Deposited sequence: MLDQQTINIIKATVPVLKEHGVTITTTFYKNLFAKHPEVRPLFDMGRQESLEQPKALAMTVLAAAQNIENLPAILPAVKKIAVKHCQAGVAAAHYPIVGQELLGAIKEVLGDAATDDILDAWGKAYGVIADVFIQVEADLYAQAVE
């Protein structure tokens, strides 16, 4: 990621974290509402916080691997697919936007957009490996 992105990411986590409940809450209603096909895969409260937590170590993502790895098994067990990553991201960024309000500036959203992507790639790679190794 570009420093500014990384910079905005480090700067906004707190504001983000301060608004978790809502973000999370709005996040789930919207996820289930607009994407009925995933409803079967499923509540999990720590989605937003997990992302925020990863975002914070965005300069040392390896640090989060132990947790990233506990979660992967669950994901693989539930049929999570790399293709689901984008709709979770879309709903997340929407909640983020919805809750920032005015601070939800363009470049802020964009950077969060970049961040989730990178973040998603760790789970998305680990699970691939998990599915690959499931034989």
| How would you write out the unmodelled ranges of the deposited sequence, numbered from 1? | 1, 44-52, 146
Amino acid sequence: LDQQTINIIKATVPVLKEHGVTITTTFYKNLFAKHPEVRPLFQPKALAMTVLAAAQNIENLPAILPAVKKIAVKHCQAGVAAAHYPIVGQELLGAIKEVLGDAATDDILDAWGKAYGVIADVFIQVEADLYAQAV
From here on, numbers count along this sequence of modelled residues.
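In this text, the rigid core denotes the largest set of C-alpha atoms whose superposition between the two forms falls within 1.5 Å.
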| note | Between 80-88 and 43-51, the one drifting more in C-alpha RMS in 4 other deposited structures of this protein once the core is aligned is 43-51
| On average, which has the higher Cα B-factor in the deposited entry, 43-51 or 73-81? | 43-51
| Higher-scoring stretch by recorded Cα B factor average, 125-133 or 4-12 | 4-12
| note | From the entry's CA B-factor values, the highest among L61, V88, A67, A104 is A104
| task | Could you say whether, by C-alpha temperature factor, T26 belongs to the lowest, middle or highest third of its chain? | result | lowest
| field | Where the record places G113 (Cα B-factor, split into thirds across the chain) | value | middle
| query | By the record's CA B-factor, is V99 among the lowest, middle or highest third of residues in the chain? | reply | highest
